[PDB]
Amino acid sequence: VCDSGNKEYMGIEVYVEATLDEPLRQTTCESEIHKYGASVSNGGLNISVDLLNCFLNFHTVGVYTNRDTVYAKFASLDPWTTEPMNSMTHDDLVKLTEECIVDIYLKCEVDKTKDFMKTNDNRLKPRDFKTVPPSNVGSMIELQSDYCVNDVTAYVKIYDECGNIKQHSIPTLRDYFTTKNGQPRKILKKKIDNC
């Protein structure tokens, strides 16, 4: 399956962390996946991600809320057993590395008629996060925020699914965006479930 070499098999993880201007209120949770994109509605925020000239599909959408912050993860899963499969031709991979845009849009949908949520979880500690390497490429993330968001952070990693079979894998593409100033490059490590 891995060279082969007719096609490349890539995976993607997009992480979004958004802190609102007040504690989160009680909401329902909806998520959807469509062609080259996905979105999640939870905690007063709709987070949408669409991939432009990346030729990759998401397979799962996870979301976690803690106090004033929504954490989302959009990711691919096993590339050979999951549909739709994330294989691309070599020209598509060239197009990706030259033109891929991870377009992220936050839209506030806070309903102040609902009570604040009571978080049963501990405050998050440096132990709940992992550091990530710095941005690899040229501003892959294009992120639009909204008025209820005090800070937002996004991270994308696009990687070779054959990286543990091949001796020389396609180099991972990564980008990191934040409105935070003076904070480490960190992402929630706690794995988070679907709605």
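Heads up: residue numbers just count along the shown sequence, starting at 1.
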property: Given 70-78 and 94-102, the range whose Cα B-factors average higher in the PDB entry; result: 94-102
property: Of 22-30 and 165-173, the one with larger mean CA B-factor; result: 165-173
property: Criterion, highest CA B-factor; candidates, 59, 157, 35, 127; result: 127
property: Position of residue 137 among the chain's modelled residues by C-alpha B-factor, lowest, middle or highest third; result: highest
property: Third of the chain's Cα B-factor distribution that residue 110 belongs to, per the entry; result: lowest
